[PDB]
Amino acid sequence: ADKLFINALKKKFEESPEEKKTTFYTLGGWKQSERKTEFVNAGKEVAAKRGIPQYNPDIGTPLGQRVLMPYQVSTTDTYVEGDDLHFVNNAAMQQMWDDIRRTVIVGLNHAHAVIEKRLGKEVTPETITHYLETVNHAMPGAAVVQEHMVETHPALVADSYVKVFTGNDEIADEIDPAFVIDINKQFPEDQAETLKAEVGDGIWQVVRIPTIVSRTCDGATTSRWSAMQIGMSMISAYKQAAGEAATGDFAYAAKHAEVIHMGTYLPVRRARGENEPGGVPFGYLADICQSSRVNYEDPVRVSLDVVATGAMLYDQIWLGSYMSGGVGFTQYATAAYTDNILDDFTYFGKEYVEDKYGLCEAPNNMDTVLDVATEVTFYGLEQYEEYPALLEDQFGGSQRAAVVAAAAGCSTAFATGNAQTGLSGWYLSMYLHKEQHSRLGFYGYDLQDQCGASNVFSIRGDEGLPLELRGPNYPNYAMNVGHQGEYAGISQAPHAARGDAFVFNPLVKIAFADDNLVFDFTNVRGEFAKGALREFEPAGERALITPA
Amino acid sequence: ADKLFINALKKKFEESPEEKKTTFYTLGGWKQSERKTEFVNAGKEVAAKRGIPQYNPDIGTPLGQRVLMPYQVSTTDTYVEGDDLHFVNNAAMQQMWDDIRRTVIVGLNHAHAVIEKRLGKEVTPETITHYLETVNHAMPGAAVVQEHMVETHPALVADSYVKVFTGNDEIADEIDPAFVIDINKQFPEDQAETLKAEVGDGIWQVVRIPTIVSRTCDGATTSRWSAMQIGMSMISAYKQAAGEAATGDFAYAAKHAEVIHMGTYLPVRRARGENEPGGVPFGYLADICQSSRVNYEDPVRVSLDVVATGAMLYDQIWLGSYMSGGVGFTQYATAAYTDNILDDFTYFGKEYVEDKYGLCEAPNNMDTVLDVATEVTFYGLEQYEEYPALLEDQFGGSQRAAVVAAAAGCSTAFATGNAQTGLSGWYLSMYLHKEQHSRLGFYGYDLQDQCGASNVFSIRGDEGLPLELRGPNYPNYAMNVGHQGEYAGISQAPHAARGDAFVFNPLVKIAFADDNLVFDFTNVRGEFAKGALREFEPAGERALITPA
Amino acid sequence: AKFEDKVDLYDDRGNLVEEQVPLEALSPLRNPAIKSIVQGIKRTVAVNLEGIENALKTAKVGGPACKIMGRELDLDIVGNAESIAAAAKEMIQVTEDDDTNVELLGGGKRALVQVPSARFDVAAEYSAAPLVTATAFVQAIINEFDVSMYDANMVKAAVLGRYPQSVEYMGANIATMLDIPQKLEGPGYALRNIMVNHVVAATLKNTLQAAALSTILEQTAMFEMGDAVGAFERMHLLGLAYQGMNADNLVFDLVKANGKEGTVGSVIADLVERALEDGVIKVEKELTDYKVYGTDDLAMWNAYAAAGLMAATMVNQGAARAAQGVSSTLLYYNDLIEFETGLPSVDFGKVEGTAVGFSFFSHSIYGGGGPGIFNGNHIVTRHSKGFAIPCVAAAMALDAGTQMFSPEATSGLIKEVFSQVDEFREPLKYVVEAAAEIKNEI
Amino acid sequence: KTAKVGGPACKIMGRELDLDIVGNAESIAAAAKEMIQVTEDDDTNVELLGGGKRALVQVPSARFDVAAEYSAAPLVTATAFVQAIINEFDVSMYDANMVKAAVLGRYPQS
Amino acid sequence: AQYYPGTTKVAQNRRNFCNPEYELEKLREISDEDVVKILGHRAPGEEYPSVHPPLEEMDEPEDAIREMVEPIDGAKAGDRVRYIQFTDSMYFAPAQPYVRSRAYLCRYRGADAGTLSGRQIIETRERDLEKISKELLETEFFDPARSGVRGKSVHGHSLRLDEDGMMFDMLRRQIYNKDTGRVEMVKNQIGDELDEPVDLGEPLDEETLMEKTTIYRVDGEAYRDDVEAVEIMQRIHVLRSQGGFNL
Ligand code: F43
Ligand SMILES: C[C@@H](OP(=O)(O)O)[C@H](NC(=O)CCCCCCS)C(=O)O
Ligand SMILES: O=S(=O)(O)CCS
Ligand SMILES: O=S(=O)(O)CCS
Ligand SMILES: [Cl-]
Ligand SMILES: [Mg+2]
Ligand SMILES: [Mg+2]
Ligand SMILES: [Mg+2]
Ligand SMILES: [Mg+2]
Ligand SMILES: [Mg+2]
Ligand SMILES: [Mg+2]
Ligand SMILES: [Mg+2]
Ligand SMILES: [Mg+2]
Ligand SMILES: [Mg+2]
Ligand SMILES: [Mg+2]
Ligand code: NA
Ligand code: NA
Ligand code: NA
Ligand code: NA
Ligand code: NA
Ligand code: NA
Ligand code: NA
Ligand code: NA
Ligand SMILES: [Zn+2]
């Protein structure tokens, strides 16, 4: 019966959602808002304390001439003002990025070949366990060899550790289970079989360095820090000279030959090292989100949890701070994970495709693209027309464009089972939208969308790439809000419809299926809600080393 | 009478510092140490809490077969175990780096010309004040133009703000003093005269973005963030269209044409963007340190405050974490700022120079290098021979090499008034040391010191550069501990002996002469001690938005 | 003899210079004048001897507001420019009769330097130009004044800046039109990382020459990037011919017909009529009171449209004498022509896409700047593969002083030196003459 | 054939393409050479090795004479082999981007 | 020229706004001084500020493009480049953001038009901006209820109307008077008070807004029901898609 966003529209406004008229200007400006009142008072206190004026509601124009709305975090029953979803004021969002930034995946396959072939020593489940106890002491910042070493406070670095996984069940069973990410436990049976077949007898470390270090330093710290403590623990556990020629082989293995960064480094204009948001390809972002392993009977839910993961990380943190800053881009991103709006549109589209083709059963061609993306684009735009409250809620055209096209692109991918035709439906949706309302997004919003159609299927040097391999450094995508998180969603879409265990890297998928993470990647929107309510407890704080 | 390090050695050991024998092995291992006991207890709790083994004193070799020493922070009466000087355990150290990373210098000179020449509008002291009230609301992350903006919590971003400075006293007088770094107040008269003459009628912003953002993101966020809120505040204060063609001129000025980064970006192997430790040139690091404006009658104190600033930042955070990680490099750095050891060696050197030549009155040539560097190197090394406690204190050859060469290098520059001959002194010290004791530093310590003599005076493409312009990305210096911070001190040394207000950039000097910074750059080693005692309160914590 | 197409080639006053020229005689791969311009840009350096001297005297070396007190060196460099430059040339040249060129300008304040081609022939890329030039001048200055070993590093800092600490030559007193290889957005991009203002500076604001120089560099980069290989090659050559070389006088004639009173939309109408008149497009289907046009030759439609796009810029921004609206023209020329015709816009939407982002990043807080700071390597304007940036150069050529960051502000040293080179200043002439010359070799 | 493209351990399930590239290496190498070359009988070299499993490619010197640097070699070679493989098997527009990823990897994201 | 496919009134309206031979209906009379007051760049009777010297006083380069392209008068004078910016309600305002930019570059010389969802802007030389702006304000480009002249704080395109049928305006630059049924401009486009308000006439009634609007909407004419217009859009998609792959 009701559209999924109706309750949220009813919560925000007194009018029924179809009503075209309302009342403005008599709401008290910022005084209507509990959060803006908190901010005004905090601003007064901050300026008084430091002797420099700071937040002041009377600077510039007077917010709250219209309703400052609560937002529902989609899939939850939690309603919060939009300030509570700003990444600065949301510890869950900061920790989500910290858990990604401080993670690297490091093979033990070359390392064990060095031990055996160059040192002439044995590797068994038991030596691996000893090595893992050793590296779990050393990784957070503690010593195993030299005298008079000074060390990190273990409670400040409690979130740093090393685990392993392997597709060989019998070997996984012989390594102490405190250190093992158990694939058969974390994944449903068919996904577990796929993942184990991909990994085979390979043995991989998941290394997480301390949040406090990641925050002091940068993402490119992670594989270095990892490799230092792998190297120390290799010396300690396998009885090397502490610094011999073979030591360099472990270094080169851990730093280069069997390291998988979450993000690749970026070109000079947006210069960053590894493990920054811009380097994370959309396929990896889909694989980091763990919705796939828990919500596998619902391809929409998996696809939209991926959208939430990427809209927050790519728009709020990456584009809205790393690449710009200030107030930034909270609601550019919240549009794709609040009020159940994208959900309404994507369930519409999933149902349409299911009834007409069968998920994954449509011809993979432009006929399907034209069909599905047009249908779903018209559906979503009709909602804004039929419900004025909805249009006032998603008030910026860019927000609407990203939401409507995400639904169209995901639905087209549900039909074809291929991300690349999904991506073509995303672009078609923008062109139809633009003609329908004679407007689309902000001044620079459709740079990538006017290039889009032509670059979907291009094979040229800096143009052609399966969507799963694109990311925030794909040239057309390098600058603008309202796209990158949705593209992660469209990369997830066909794989979620197909029942695939992963979108682009099986090791990345397994690496975040770990209950010792701080942030809960199986329920990203739930976590955002918990952080908005100030109920999320991040790692990395300095309370233990500062005054009470 | 006593050498300056005698108090520190007496506190460390039961023996007089001259004694050659002691007792080992029966001290209780880790149990002799309060801090290691704290760590064992924390490791058991952490491991139990998370279900993964972590810190464990029985892994690897048994720490504390010898005395686990206290260190005196030089110039203080604070004695702490070395763990308390690890940057992970010291919030003062982390905040020093945050205060640099989150700072950019941004002119208003082009911006004011865009206003007057393209827009045809007036700029006055009054319009500048209004602009600065506006940007002090906007910079921490609050809105001035759009309706329905969501904002950062003012308390979370209390340390972000914008101040100005200018060499024109009358104009500086007309701007609200809350926004003004007052050069006449912060600097002694002669230094004030120089700095004002360098700035002239230029008006420069010092922009600090929030510590919380800087920790979530990276140093390359700082000038972007800065530029966005400048851009907004220029729109609001000067009544532009909110997004016209002229708006792009303000963007380009703030991000490129009149921006002074603390650090420049780094090449791919150590890929980082702006405002990371490896991009900060030695001369800027000296100028960030504010010892020059308070300790101007004491060229040694000035130079060694700089050494402390640089040793911690470049060796502990930069090379010990961004470029490596783990336990890292605390005592490589503490050797240069504890136990009054560098102080004794450099005061000796200053006194030699003063007596023999007069500060800055030696010939700027190799004869002076050979004299002073040799004399000071022998003094330093004889202290280690005469005081077995001293040698066991600075147990690592690298540590001693850095300290003795730093004294030699600074003393050479005190005689010559020139940093480049200072540097030649540093390298000569290394070679004398190497032959005297038939050892020098760690395995790879003197890569730069064997290239060093030949590269001091080279003029070739990637070899030639005045020392003030070199930094951590100078090719020979790019990898190794126990040099970068001391080079920063040798860059400071001749300028301090000359009475120069700044070493390399007078904007950088003035920009940290600000009492609204969190870290006290006038008393770096005092601050390190405060942080070691767990008495320093950093910015950027998230306690307001987490559970009790 | 790969492509049958021939074009008529015109000068920048609209006079037929050579009829019936094989398309591939304009190819960067075949045309000797394009080869000479590219090898030229690789090897040419401007030396600011006055700036070197002033940086030394004040000890202001190593970037903005930087100074080292007590390092000042007072050297009469400009007063001894002739000896310094001759001493530098001796180092730079490989042999006495090679194509090394060192010329003083501004009474010795500046030097044009062209490093010998022989150095590039055994070089991976183009950085030998600045690095060979810089060390030759540093060593020539030191030798001229017998600068001590102790002080010589200040000469190095005055010439090349904070490099190798900075990745760039930060604070350097030399300039090239190219930027360092590390700054490329992608491999194959180096000829795209030439600021529009530098192109406009070097062509002295002559609009058609600025368009020509920009298109030659943009489309030459498309070959280096691989974009003009195989299926796409003819499209890129037609783009260079019609958009950057005024082939068939199409650009020139559209401007003539629309310069007095014309708008973007009037140029569009003439271009479509002209494509219809020439058989490039034909009506494919009639809807209701609406003709849907098709084409049997997409690359030729594209080329005609790209010619109209350049003409629309010249009309629109020419009429304002103000370059900023080139971002608007680049967008709505293409948006309008698609709804006018039913055919894809220039570069199949990519010029329109570039224009969207370029409009934004020249009228917003977030970055970019005026039209003159962009270039084909800029993240904002790299997307179209040669069909957008040449319009930006034409627009800045036509600007009469509305820009704060004008070629005068950003490119003054490039203007003084690089405009001296005839093939850079007047490339359309040289490229046409060379294509004429090789006409029967295709 | 495995859809393993874009980097270590990377794979896109459902994108597999079963093409006999090595079996048709001579046609593919001849078609790639025609795109790499500037003129017939210039100094382009394309030579199959290891029974068609490998190819030695030397991009004509005329392409470097009008290039700033040296990346035309991999870029021209990659696009010529991508187009030649596409043309050999008539790979559809929908699937050709996988040939591009198999040849040149994750570029331009990386 | 045919400008835009489609068989709806919306599509015809889009064509008319682009066609410089279509005479825009004039709906209100605005004085020269009031246009200048509304723009807010200079006060009435203040000399036009210059950004460069007159073109006649400068030595332009010899350039056939400059010879063939007649400069607008404000370019001849060296005027500043200044702007006027409008927000159009999605509740049937006559003009809409892409329609404006498209029409502006068909009708007007020397124009820098920008299109955004909540704001559409034109920048050009000041004396020429003043003339264009008279047309933009006096004709059916503008409705004083469903359209607003706004250089900042543009919010309201997507907002519900107030009880008077007026579009939201954070700064309330346009006030409906219930006594006359007319709208007055009480502030300039940047939000500063005018000494004397400007009459902008009566809002268009519902029937007339429907006849004149260029947005498609389910309660108007829906874009999906303009099947020929949906054409050319799907056509362009397909041909662009095919083009970027091969030719
Ligand atoms: C000054 C600019 C131009 C520019 O370069 N950036 C601005 C302003 C900037 C500021 C506004 C903060 C402030 O008020 O002080 C920030 C928050 C970026 C920052 N510095 O932190 C922003 N825009 Ni904008 N900006 C947005 C949007 C938009 C929409 C607003 C349309 C509507 O009718 O209200 C339009 C573009 C459009 O028309 O498509 C808009 C324009 C503008 N954008 C116009 C000012 C418009 C006006 O005067 O009110 N943003 C949106 O569409 C949604 C999200 C939203 C961003 C904040 C967040 O995501 O929460 C904000 C993102
Ligand atoms: C244009 C470019 O900036 P510059 O042009 O180099 O000043 C680029 N900005 C960005 O892409 C900002 C991204 C997010 C802000 C706009 C979001 S839609 C950057 O800083 O590297
Ligand atoms: O107004 S703009 O499109 O430039 C920016 C939208 S945040
Ligand atoms: O022993 S090595 O010199 O390799 C490292 C010392 S930290
Ligand atoms: Cl063709
Ligand atoms: Mg067993
Ligand atoms: Mg005793
Ligand atoms: Mg004794
Ligand atoms: Mg004894
Ligand atoms: Mg003034
Ligand atoms: Mg006050
Ligand atoms: Mg003279
Ligand atoms: Mg000499
Ligand atoms: Mg005509
Ligand atoms: Mg009248
Ligand atoms: Na309600
Ligand atoms: Na306000
Ligand atoms: Na940059
Ligand atoms: Na004692
Ligand atoms: Na131990
Ligand atoms: Na590296
Ligand atoms: Na708390
Ligand atoms: Na050959
Ligand atoms: Zn950080």
Side-chain angles (χ1 to χ4, degrees), chain A residues 395-398 400-401 433-446, chain B residues 145-146 240-245 247, chain C residues 263-265 316 324-325 327-332 335-336 352 355-356 359-360 362-364, chain E residues 4 10 13-14 17-18 24 38-39 81-108 111-124 129 132-133 135-137 139-144 146-159 167-169 173-174 189-190 212-216:
Chain A
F395 54 80
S398 307
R400 302 197 291 278
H433 180 159
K434 177 172 162 196
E435 297 315 300
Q436 183 154 323
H437 286 162
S438 190
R439 53 180 49 72
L440 180 66
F442 68 98
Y443 216 146
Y445 180 87
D446 53 319
Chain B
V145 175
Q146 286 188 229
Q240 306 176 46
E244 52 175 298
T247 309
Chain C
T263 58
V264 177
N316 192 27
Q324 68 184 72
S327 60
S328 192
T329 301
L330 289 165
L331 211 177
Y332 296 107
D335 192 25
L336 285 171
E352 195 178 331
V356 170
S359 307
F360 170 55
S362 44
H363 306 73
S364 72
Chain E
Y4 199 78
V10 162
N13 290 330
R14 292 186 173 187
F17 273 113
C18 285
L24 301 171
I38 281 175
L39 288 170
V81 173
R82 297 315 303 124
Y83 70 95
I84 183 171
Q85 176 166 267
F86 286 91
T87 298
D88 301 302
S89 187
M90 292 181 65
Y91 300 106
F92 303 104
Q96 291 303 324
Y98 284 109
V99 156
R100 295 179 177 276
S101 284
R102 288 170 177 176
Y104 294 5
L105 267 58
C106 291
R107 293 183 171 262
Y108 305 130
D112 177 9
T115 302
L116 304 85
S117 70
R119 49 172 294 220
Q120 186 281 346
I121 184 160
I122 182 173
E123 309 189 42
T124 189
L129 176 65
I132 291 164
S133 285
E135 177 168 286
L136 299 183
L137 294 160
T139 68
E140 51 186 336
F141 270 109
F142 189 69
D143 180 71
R146 300 303 162 82
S147 187
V149 202
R150 297 171 184 192
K152 75 174 187 176
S153 306
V154 301
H155 199 60
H157 82 284
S158 49
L159 270 56
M167 182 163 53
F168 173 88
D169 187 0
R173 282 161 277 218
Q174 290 170 211
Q189 70 175 326
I190 207 62
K212 289 189 178 300
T213 191
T214 51
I215 190 173
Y216 301 93

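Proteins get letters first, then strands, A, B, ... in listed order; numbering begins at 1 in each.
Not a single side-chain hydrogen bond (donor to acceptor under 3.5 Å, both in side chains) links E/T124 to another residue, sequence neighbours left out. Looking at residues two or more places apart in sequence or on another chain, you find no salt bridge (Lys or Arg N to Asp or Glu O under 4.0 Å) involving A/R439. Among residues two or more places apart in sequence or in another chain, the ring pair (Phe, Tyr, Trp, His ring centres under 6.0 Å) test is passed with E/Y91 by none. Annotation: salt bridge (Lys or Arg N to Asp or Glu O under 4.0 Å) contacts of E/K152 (sequence neighbours excluded): none. Every residue meeting the salt bridge (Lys or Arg N to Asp or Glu O under 4.0 Å) condition with E/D88, not counting sequence neighbours, appears here in chain and number order: E/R100. Listed by chain and number, the residues in a salt bridge (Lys or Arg N to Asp or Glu O under 4.0 Å) with E/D143 amount to none (sequence neighbours excluded). Scanning for side-chain hydrogen bond (donor to acceptor under 3.5 Å, both in side chains) contacts around B/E244 gives E/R82, with sequence neighbours left out. Applying the side-chain hydrogen bond (donor to acceptor under 3.5 Å, both in side chains) criterion to E/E123, with sequence neighbours excluded, gives C/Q324. The side-chain hydrogen bond (donor to acceptor under 3.5 Å, both in side chains) search around E/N13 returns none, not counting sequence neighbours. Taking the ring pair (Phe, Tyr, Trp, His ring centres under 6.0 Å) definition, one finds that E/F141 meets it with E/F17, E/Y104, sequence neighbours left out. Judged as a side chain to side chain contact (heavy atoms under 4.5 Å, CB included), and not counting sequence neighbours, the contacts of E/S101 are C/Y332, E/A113, E/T115, E/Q120. With sequence neighbours excluded, the residues forming a ring pair (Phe, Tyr, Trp, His ring centres under 6.0 Å) with E/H155 are A/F395, E/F168, listed by chain and number.
Summarising the geometry, atom CZ belonging to E/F86 is positioned 6.0 Å from atom CZ belonging to E/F142; distances are rounded to the nearest 0.5 Å. Annotation: the span from C/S359 atom OG to E/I121 atom CD1 amounts to 11.5 Å, rounded to 0.5 Å. Here A/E435 contributes atom CD and A/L440 contributes atom CG; the two are 9.5 Å apart, rounded to the nearest 0.5 Å. E/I122 contributes atom CD1, which lies 7.0 Å from atom CG of E/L129 (distance to the nearest 0.5 angstrom). Distance CG/E/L159 to CE/E/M90: 11.5 Å, rounded to 0.5 Å.
Contact record, E/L136 with E/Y108: CD2-OH, 3.6 Å, taken as the closest heavy-atom pair. Residues A/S438 and E/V99 share a closest heavy-atom pair of OG-N, 3.0 Å. In this structure, E/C18 and E/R107 approach most closely via the heavy-atom pair O-CG, 4.1 Å. Among all heavy-atom pairs drawn from C/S327 and C/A355, the shortest one is O-CB, 3.5 Å. Closest approach of C/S328 and E/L105 over heavy atoms only: OG-CD2, 3.7 Å. The heavy-atom pair separating E/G118 from E/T87 by the smallest distance is O-OG1, 2.8 Å.
For the pair E/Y216/E/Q96, no side-chain contact is recorded, criterion being any heavy-atom separation below 4.5 Å from C-beta on. Looking at heavy atoms from C-beta onward, E/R119 lies out of side-chain contact with E/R150 at the 4.5 angstrom threshold. A heavy-atom distance below 4.5 Å is not found between the side chains of E/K212 and E/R146. Using a 4.5 Å cut-off on side-chain heavy atoms (C-beta onward), E/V149 and E/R173 make no contact. Counting heavy atoms from C-beta on, the side chains of B/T247 and C/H363 never come closer than 4.5 Å. Residues E/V154 and E/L116 are not in side-chain contact: their nearest non-hydrogen atoms beyond the backbone lie 4.5 Å or more apart. The closest side-chain heavy-atom distance from E/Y98 to E/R14 is not below 4.5 Å.
The backbone N or O of E/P94 sits nowhere less than 3.5 Å from a side-chain atom of E/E140 that would complete a donor-acceptor pair. E/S153 contributes a side-chain N or O that, together with a main-chain N or O of B/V145, makes up a donor-acceptor pair within less than 3.5 Å. Of the possible donor and acceptor atoms, one in the side chain of E/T213 sits under 3.5 Å from a partner among the backbone N and O of E/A93.
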Q.
side-chain contact (heavy atoms from CB on, under 4.5 Å), that's the test. Do E/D112 and E/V81 meet it? Break it down for me.
A. CA-CA 10 Å; E/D112 177 9; E/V81 173; over 6 Å; no
